[PDB]
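What follows is a short report on a single structure.
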Amino acid sequence: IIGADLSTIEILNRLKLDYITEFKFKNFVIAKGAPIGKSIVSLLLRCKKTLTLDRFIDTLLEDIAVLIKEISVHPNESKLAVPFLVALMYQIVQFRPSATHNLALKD
Amino acid sequence: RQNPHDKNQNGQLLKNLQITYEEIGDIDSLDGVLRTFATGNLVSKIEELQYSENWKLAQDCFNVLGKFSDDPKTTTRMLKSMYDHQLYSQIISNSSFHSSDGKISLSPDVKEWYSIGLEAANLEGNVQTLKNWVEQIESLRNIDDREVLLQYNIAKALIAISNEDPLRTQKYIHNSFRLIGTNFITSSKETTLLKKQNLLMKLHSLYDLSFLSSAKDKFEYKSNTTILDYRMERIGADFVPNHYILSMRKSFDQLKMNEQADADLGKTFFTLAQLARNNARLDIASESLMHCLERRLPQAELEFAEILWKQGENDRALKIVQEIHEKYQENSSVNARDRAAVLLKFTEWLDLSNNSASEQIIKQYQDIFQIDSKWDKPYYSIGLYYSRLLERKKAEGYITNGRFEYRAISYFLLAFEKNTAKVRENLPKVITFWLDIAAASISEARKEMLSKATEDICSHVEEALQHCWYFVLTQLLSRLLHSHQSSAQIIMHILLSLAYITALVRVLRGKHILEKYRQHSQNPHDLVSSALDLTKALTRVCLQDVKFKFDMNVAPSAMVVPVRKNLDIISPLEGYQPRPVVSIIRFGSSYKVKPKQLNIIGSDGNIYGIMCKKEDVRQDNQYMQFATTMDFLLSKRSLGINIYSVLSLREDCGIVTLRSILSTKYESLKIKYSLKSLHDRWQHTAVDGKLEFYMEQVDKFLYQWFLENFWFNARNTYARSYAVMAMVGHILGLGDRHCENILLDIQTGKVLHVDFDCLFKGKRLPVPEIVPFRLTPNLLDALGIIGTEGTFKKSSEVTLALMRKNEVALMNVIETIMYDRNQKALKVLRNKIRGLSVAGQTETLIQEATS
Amino acid sequence: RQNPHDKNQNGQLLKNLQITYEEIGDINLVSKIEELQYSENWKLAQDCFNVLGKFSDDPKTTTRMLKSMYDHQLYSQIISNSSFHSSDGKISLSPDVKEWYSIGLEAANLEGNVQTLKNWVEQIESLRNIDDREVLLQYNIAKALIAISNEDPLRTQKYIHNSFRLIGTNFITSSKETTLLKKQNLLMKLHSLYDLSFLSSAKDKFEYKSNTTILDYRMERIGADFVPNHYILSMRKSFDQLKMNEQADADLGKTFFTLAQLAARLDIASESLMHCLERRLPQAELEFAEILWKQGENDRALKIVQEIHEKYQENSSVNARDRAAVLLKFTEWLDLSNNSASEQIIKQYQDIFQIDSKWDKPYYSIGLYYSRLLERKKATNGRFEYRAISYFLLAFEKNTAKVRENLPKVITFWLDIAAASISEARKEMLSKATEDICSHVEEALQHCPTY
Amino acid sequence: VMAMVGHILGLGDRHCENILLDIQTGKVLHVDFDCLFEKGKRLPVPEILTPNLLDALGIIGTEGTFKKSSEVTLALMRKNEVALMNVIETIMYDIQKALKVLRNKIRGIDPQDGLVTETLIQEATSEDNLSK
């Protein structure tokens with residue numbers, strides 16, 4: 001993202017969350033010094049061979065959305081996750097109109 | 001009140017208050033309450049003298065106690081102790097933030113952590129510290145608390161100055177202003193504020209950084225240093241705000257550092273160093289002093305050799321100043337500042353030590369006369385040194401006076417009026433030897449020098465006074481006889497070279513000088529007329545018993561009002577005056593068979609304080625000297641202890657809801673507990689039984705009065721004032737408590753003490769009774785939830801600091817006060833100054849006095 | 001001996017004994033700061049160093065720092081002044097500037113834990129060759145500690161083999177040079193290594209329980225010097241630390257009962273005692289009060305130990321020696337707290353009369369406080385102090401801890417006033433005093449230990 | 001230590017004849033030391049280890065070793081001041097007040113002072129080394 005000088009996946013890789021030491025929606029292991037991005041890369045990678053185009057989209061949407069939530073409903077932690085998580089959501093969203101599916105977009 | 005002294009019908013409530021105010025987050029309240037005889041587990045209880053008389057070790061205790069940080073109560077109390085007496089180094093090394101990862105996200109209203117950490121490293125920090133650690137300490141979720149908003153923007157100002165941005169810095173500092181001014185500040189009815197003093201001193205340091213960033217160049221910034229020295233000349237009395245203010249300045253000069261700003265950083269460290277020293281905190285003082293140690297500071301290591309000249313290494317301190325002084329006569333090394341400072345201190349050192357005969361020390365006096373020629377603190381300190389030498393040659397034999405010392409005093413009185421660097425302050429140092437040689441003159445009416453020498457000093461007195469000897473109290477107790485030809489001459493020649501003299505109204509050994517001064521070319525009216533007028537009035541009405549108009553209602557006299565209303569004073573501030581525009585009159589015609597009273601009426605139209613005394617008290621005046629020494633010591637916390645000044649120039653001469661204080665003290669007396677039978681059990685009856693008697697007193701009752709009066713500012717500031725003048729009371733062993741000990745005004749501030757009319761009166765007094773300060777049986781409850789060991793304890797520690805580096809000079813002064821006319825114990829407790837609490841002390845000391 | 005009287009031939013050869021001593025052991029503004037450095041009063045020059053090394057840029061003074069605030073064993077401030085648990089790790093792959101690790105790992109290695117030892121153990125390996133010896137010693141025993149964090153005792157003994165090999169090969173020289181006062185670090189480390197991992201006499205589990213009693217005898221072999229020889233329960237605070245598993249992990253801090261009994265330089269005692277208070281051990285809390293008092297304070301620790309003294313009369317209060325030790329500390333705190341006239345101290349004299357018997361060295365503490373008050377009060381022939389002598393001599397019969405030792409404490413003034421009377425005898429008041437004290441110490445001799 | 005022992009129980013002018021200096025250990029004894037009630041202290045009949053010691057001390061002279069050893073020794077000779085004082089007590093041979101003031105000195109008080117490569121010049125001048 002303009003000014004976010006990085007591979008925003010790496011950006012995410014710079015997001016650890018101590019309080020939440022337990023996380024798992026569609027295989028989303030996260031712990032104390034365990035970066036949001038470490039699990040983001042985890043997903044991205046094996047989710048490529050698992051999911052298809054739009055199911056990849058949807059899986060990111062829903063999983064990283066569970067992240068969106070459980071950090072959002074976790075007022076004790078800070079939410080640096082959700083901005084770039086949502087930025088990821090946008091690269092997802094933008095990636096294609098026709099490929100992206102309205103069910104995923106709905107959700 | 002309506003339950004016993006210590007139990008759970010008193011503890012549970014205290015503990016929930018603890019929890020709630022810890023949530024709030026006031027550090028000094030924290031200290032007081034966590035101390036108050038908490039009887040839990042050893043760590044949580046130990047804070048009994050948490051900072052007073054041992055602080056650093058209990059501080060590292062709290063430190064590794066919160067090392068797991070999983071008792072966040074214990075870790076905000078960590079950072080508590082770190083604040084309360086300044087271990088900001090382990091603040092910046094408290095490895096929750098200064099690590100690979102920092103914050104545990106949203107330090108919640110547990111944010112006492114954040115607030116303290118922030119102020120601490122904002123004063124001892126840098127781009128590394130402030131940058132990365134606001135980068136950890138801002139980022140939180142629940143807006144619930146704002147301490148960290150304040151300090152985060154002060155630190156963002158600092159990072160901006162490091163980013164070289166006048167505009168950005170100004171904006172950030174001004175926003176810090178906004179926040180603290182809006183939600184940190186408190187009201188009036190209360191303006192005994194000193195709690196709020198911490199926050200407004202934060203505001204002051206922010207203003208400092210703001211114009212330090214608008215500082216155009218080195219010349220504008222030199223003006224800036226001058227205006228901050230003027231701050232240092234008229235701001236207040238405490239170590240702690242010196243610390244925050246100039247340490248924040250230090251962060252400034254460090255974050256924004258060029259070559260000119262490296263000299264800036266050096267000089268700020270030197271300032272904070274020597275000030276933090278001079279206010280007995282040779283710990284963090286020493287730390288930042290060594291920070292400037294890395295920067296070419298000979299004099300400064302002489303001040304460190306001085307603190308060890310207090311602690312343990314007189315010999316080596318003296319040696320190093322010897323060779324360093326006589327070896328650093330090279331490049332720079334200003335001879336009348338570097339050389340003269342070091343060898344000056346070498347001279348006072350050897351005066352004190354007398355381990356190496358004063359022979360070479362009179363020779364190093366000659367050596368400063370040589371290397372020093374622009375500077376004069378050597379001259380005044382050698383006036384006092386040769387005062388010690390007139391004493392020594394009076395011990396050598398019947399030669400008390402001296403030509404070298406007389407000439408020293410002579411050029412000092414050639415230099416009196418210029419600035420008054422230590423003149424009014426050291427006035428004791430001169431009156432002592434003047435009256436010692438006056439006593440010599442009356443004795444030996446060998447000792448063939450009192451005549452010429454005494455007359456030379458009297459000519460000194462006359463030459464200064466005539467077109468200006470104002471400091472005569474407990475030696476000119478009363479003027480009733482000649483055989484000196486100077487006593488009355490001066491005590492009544494000040495009365496015309498000082499322009500209260502219109503409202504007065506041995507037996508043959510007094511007149512000659514009186515009519516001599518009548519002979520003198522200045523004679524408005526003959527005062528002894530009215531003096532013996534009222535004398536015969538009294539001695540006719542002294543015996544008219546049963547089983548005022550004679551000299552009363554007359555005024556327009558030539559002598560001063562007999563009633564004690566004369567001399568509220570000024571002090572070194574730089575043209576300096578020994579009293580606003582006023583004309584004493586109205587001779588009291590009340591037959592009080594004696595209160596005659598007026599007040600302040602100046603030109604502007606305000607009213608200034610008043611209090612009535614009598615009968616030859618000057619130990620009061622040395623307490624005003626002590627307050628002015630606190631001022632020059634400062635020259636966070638900042639105890640608000642106001643001060644009057646009852647000086648004199650003859651006998652009997654010189655100066656919360658509080659209406660609630662008055663009536664509640666009335667109800668304590670008027671609970672109808674008999675006011676003269678408790679004294680029967682005390683004195684007239686069993687003493688070892690009077691011990692449990694004073695306990696049944698404390699449990700028969702006062703303190704309700706005190707806290708009902710108090711709320712936060714009232715309690716906190718009265719406690720601070722009581723801390724400071726209570727430690728002064730004990731340190732000066734004065735005691736002898738009074739009957740309306742505290743009576744102040746009701747609007748904005750004024751919180752202080754009264755009595756102080758005594759000096760070693762509790763140990764060196766007819767039938768000594770418990771030498772201490774003014775203490776009550778339920779003094780703990782006088783402070784309430786924090787106890788008389790609380791913020792009292794904290795500002796008591798600040799009193800130790802605020803009067804234990806000028807302490808050698810203060811002890812030298814009190815050496816004079818001894819005055820057994822109306823030594824061993826004197827020097828002994830001078831050394832002592834050098835080196836609950838009614839729940840315990842009451843029974844122990846008070847009863848083992850009356851048990 | 002053939003030199004000029006002034007030291008002017010010295011310039012070239014005054015920079016050399018200060019480099020040879022740093023191994024041998026016979027140990028301008030900066031040149032005028034270390035005036036007090038170790039002169040009985042460290043704190044000042046010690047934080048002179050921790051300051052001049054906050055600059056963390058001058059290595060000579062940096063080692064000076066660490067070695068100094070090291071000698072009087074401020075070891076967890078040493079691990080505090082760590083350049084590693086910080087913005088970066090420590091001086092990575094530590095080149096010839098590893099001596100700061102050398103000074104620090106032992107700091108952690110006895111004042112540190114699973115978290116501390118580990119976070120440094122994975123920050124000391126660092127180099128690429130194994131060149132260093134001191135920090136490699138402290139590394140071996142740091143990794144022995146993380147080894148019994150994994151809790152494999154035998155291969156912890158393996159890392160102890162590595163450490164022992166290292167010190168015994170690369171750390172000592174022959175006799176004819178160095179009396180062991182300056183092999184202090186070496187032999188202290190040696191004693192600690194055995195206690196870390198050695199299984200023969202304490203190898204069995206039955207042995208282990210009775211070795212709590214047999215660890216009380218570690219001071220016998222080591223010594224009584226506060227430097228490192230004192231091992232009454234100081235080394236026991238390490239036996240149960242090495243043996244820390246569930247119930248034995250709860251006993252780790254419980255074994256530090258009389259550890260701080262030794263503790264001015266107690267910042268270290270402070271950190272260790274905080275760690276233990278994390279278990280609520282009354283003896284440990286008592287010795288926390290001990291360290292705070294020893295700094296110098298009277299009545300802070302007065303109040304806390306006295307409230308605990310009148311508190312734990314049933315709860316916990318190990319019958320063996322818990323309140324007896326709160327009361328030892330209490331009694332000498334009264335002695336140096338100047339507030340506890342005879343009846344006050346005699347209250348807890350009675351307290352021990354009621355609660356405990358196997359330790360009356362407290363009664364001798366009351367004795368020495370009575371000495372203080374009697375001499376400050378009669379500086380003779382005071383029936384008060386003679387009744388004092390009576391009850392003291394009665395207490396001197398049985399518990400036979402220091403009777404022989406500090407019996408002259410009282411008999412010296414008693415016999416000296418006897419001599420003053422027999423030279424000059426108003427003084428006809430030592431009469432009954434000498435008579436009854438002679439008779440009662442006679443019944444003592446008749447009913448007391450012979451030696 | 002024995003010199004402070006003697007001249008704090010107040011003998012004055014210790015006869016050179018009395019001093020014996022064993023080669024085995026170096027013990028320095030007072031044999032009579034008449035000192036009760038300041039015996040001979042007021043009389044003060046005699047009212048009176050140089051650079052050779054410094055040469056033997058080392059290349060840095062006294063720097064370090066001497067006073068470091070002697071100051072761990074200070075930690076020794078102040079912890080048990082009263083025990084070594086009752087060791088002193090053996091100088092009666094016929095006092096107390098002078099013994100008290102100068103054992104306060106032992107604890108750290110300095111003469112006429114409330115106080116309670118340059119160490120080459122300092123510790124060589126340590127009072128516990130150069131006083132008498």
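Just so we're on the same page: first chain in the structure tokens is A, next is B, and so on; residues restart at 1 for each chain, and ligands are numbered from 1 in the order they show up.
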Find the residues around residue 25 in chain A up to 12 Å (only C-alpha atoms counted), leave out those fewer than 3 positions away in its own chain, and share them as a PyMOL selection string.
-> chain A and resi 22+28-30+39+43+59-70
Counting only C-alpha atoms, which residues from chain D have an atom at most 10 Å from any atom of chain C, and could you show them as a compact mmCIF listing (two decimals) with C-alpha atoms, in the first residue's frame?
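Okay, part_24.txt is ready:
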```
# COMPACT_ATOMS: atom_id res chain seq x y z
CA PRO D 51 60.01 3.83 50.08
CA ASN D 52 61.70 0.46 50.49
CA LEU D 53 58.28 -0.95 51.31
CA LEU D 54 56.83 0.73 48.21
CA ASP D 55 59.60 -0.65 46.01
CA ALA D 56 58.77 -4.11 47.29
CA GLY D 58 55.25 -3.58 43.19
CA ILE D 59 55.69 -1.92 39.82
CA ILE D 60 52.52 0.05 40.42
CA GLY D 61 53.79 0.73 43.92
CA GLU D 63 48.41 0.75 43.64
CA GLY D 64 45.61 -1.68 44.31
CA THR D 65 46.86 -4.77 46.14
CA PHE D 66 47.77 -3.12 49.41
CA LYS D 67 44.53 -1.33 50.19
CA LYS D 68 42.27 -3.79 48.35
CA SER D 69 43.58 -6.51 50.65
CA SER D 70 43.57 -4.09 53.58
CA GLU D 71 40.01 -2.97 52.80
CA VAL D 72 38.52 -6.38 52.61
CA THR D 73 40.47 -6.33 55.87
CA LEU D 74 38.56 -3.14 56.75
CA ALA D 75 35.30 -5.04 56.17
CA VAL D 82 33.52 -4.86 69.55
CA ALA D 83 35.06 -8.35 69.50
CA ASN D 86 37.31 -6.87 74.03
CA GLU D 89 40.55 -4.96 76.80
CA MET D 92 44.65 -2.86 82.05
CA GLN D 96 37.45 3.46 78.83
CA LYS D 97 36.27 6.78 77.37
CA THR D 117 47.62 6.35 38.96
CA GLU D 118 46.70 8.28 42.10
CA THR D 119 45.77 5.55 44.56
CA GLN D 122 46.36 7.73 48.37
CA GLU D 123 46.45 4.25 49.86
```
By how many Å are CA of residue 618 in chain B and CA of residue 775 in chain B apart?
->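 A separation of 22.2 Å between them.
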Find the residues of chain D in contact range of chain B, meaning any atom within 9 Å when counting only C-alpha atoms, and list them as a list in words.
->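 The answer, sorted by residue number, is residues 108, 109, 110, 111, 112, 113, 114, 115, 116, 118, 119, 121, 122, 123, 125 and 126 of chain D.
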Counting only C-alpha atoms, which residues of chain B sit at most 9 Å from some atom of chain A, and what is each one's closest atom pair with its distance in Å to one decimal, listed by chain and rising residue number, as CSV?
```
residue,atom,partner,partner_atom,distance
B:101,CA,A:33,CA,8.7
B:104,CA,A:18,CA,7.0
B:105,CA,A:77,CA,4.7
B:106,CA,A:76,CA,5.7
B:107,CA,A:76,CA,8.0
B:108,CA,A:76,CA,7.3
B:139,CA,A:78,CA,7.2
B:140,CA,A:78,CA,5.9
B:141,CA,A:78,CA,5.6
B:142,CA,A:75,CA,7.2
```
Could you write out as a VMD selection string the residues of chain C within 6 Å of chain B, counting only C-alpha atoms?
-> chain C and resid 48 51 85 to 87 270 to 271 274 285 300
What does the file look like for those residues with N, CA, C and O atoms, as a PDB file, in the first residue's frame?
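Final output, out_13.pdb:
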```pdb
ATOM      1  N   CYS C  48      29.309   5.355  39.150  1.00  0.00           N
ATOM      2  CA  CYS C  48      30.207   6.066  38.244  1.00  0.00           C
ATOM      3  C   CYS C  48      30.470   5.208  37.019  1.00  0.00           C
ATOM      4  O   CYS C  48      30.322   5.655  35.877  1.00  0.00           O
ATOM      5  N   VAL C  51      27.433   4.378  34.761  1.00  0.00           N
ATOM      6  CA  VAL C  51      27.180   5.551  33.939  1.00  0.00           C
ATOM      7  C   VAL C  51      28.163   5.619  32.783  1.00  0.00           C
ATOM      8  O   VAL C  51      27.769   5.624  31.612  1.00  0.00           O
ATOM      9  N   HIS C  85      19.049  -8.462  25.632  1.00  0.00           N
ATOM     10  CA  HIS C  85      17.594  -8.437  25.708  1.00  0.00           C
ATOM     11  C   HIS C  85      17.132  -7.001  25.472  1.00  0.00           C
ATOM     12  O   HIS C  85      16.490  -6.362  26.303  1.00  0.00           O
ATOM     13  N   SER C  86      17.486  -6.503  24.295  1.00  0.00           N
ATOM     14  CA  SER C  86      17.415  -5.087  23.981  1.00  0.00           C
ATOM     15  C   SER C  86      17.038  -4.957  22.509  1.00  0.00           C
ATOM     16  O   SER C  86      16.546  -5.912  21.900  1.00  0.00           O
ATOM     17  N   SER C  87      17.244  -3.763  21.943  1.00  0.00           N
ATOM     18  CA  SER C  87      16.904  -3.539  20.544  1.00  0.00           C
ATOM     19  C   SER C  87      17.561  -4.571  19.643  1.00  0.00           C
ATOM     20  O   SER C  87      16.966  -4.992  18.643  1.00  0.00           O
ATOM     21  N   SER C 270      18.488  -9.041  47.336  1.00  0.00           N
ATOM     22  CA  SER C 270      17.154  -8.526  46.933  1.00  0.00           C
ATOM     23  C   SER C 270      16.588  -9.378  45.794  1.00  0.00           C
ATOM     24  O   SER C 270      15.558 -10.005  46.035  1.00  0.00           O
ATOM     25  N   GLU C 271      17.192  -9.362  44.597  1.00  0.00           N
ATOM     26  CA  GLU C 271      16.590 -10.104  43.444  1.00  0.00           C
ATOM     27  C   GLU C 271      16.278 -11.555  43.835  1.00  0.00           C
ATOM     28  O   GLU C 271      15.121 -12.033  43.566  1.00  0.00           O
ATOM     29  N   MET C 274      13.246 -11.784  46.090  1.00  0.00           N
ATOM     30  CA  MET C 274      11.975 -11.529  45.355  1.00  0.00           C
ATOM     31  C   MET C 274      11.558 -12.837  44.701  1.00  0.00           C
ATOM     32  O   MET C 274      10.392 -13.320  44.922  1.00  0.00           O
ATOM     33  N   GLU C 285      10.665 -14.262  53.706  1.00  0.00           N
ATOM     34  CA  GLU C 285      10.113 -12.900  53.935  1.00  0.00           C
ATOM     35  C   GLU C 285      10.895 -12.252  55.074  1.00  0.00           C
ATOM     36  O   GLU C 285      11.178 -11.019  55.015  1.00  0.00           O
ATOM     37  N   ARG C 300      11.527   0.313  59.770  1.00  0.00           N
ATOM     38  CA  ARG C 300      10.860  -0.388  58.675  1.00  0.00           C
ATOM     39  C   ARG C 300      10.800  -1.884  58.950  1.00  0.00           C
ATOM     40  O   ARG C 300       9.724  -2.498  59.083  1.00  0.00           O
TER      41      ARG C 300
END
```
In Å, with one decimal, what is the gap from CA of residue 510 in chain B to CA of residue 448 in chain B?
->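 Result for CA of residue 510 in chain B versus CA of residue 448 in chain B: 25.0 Å, one decimal.
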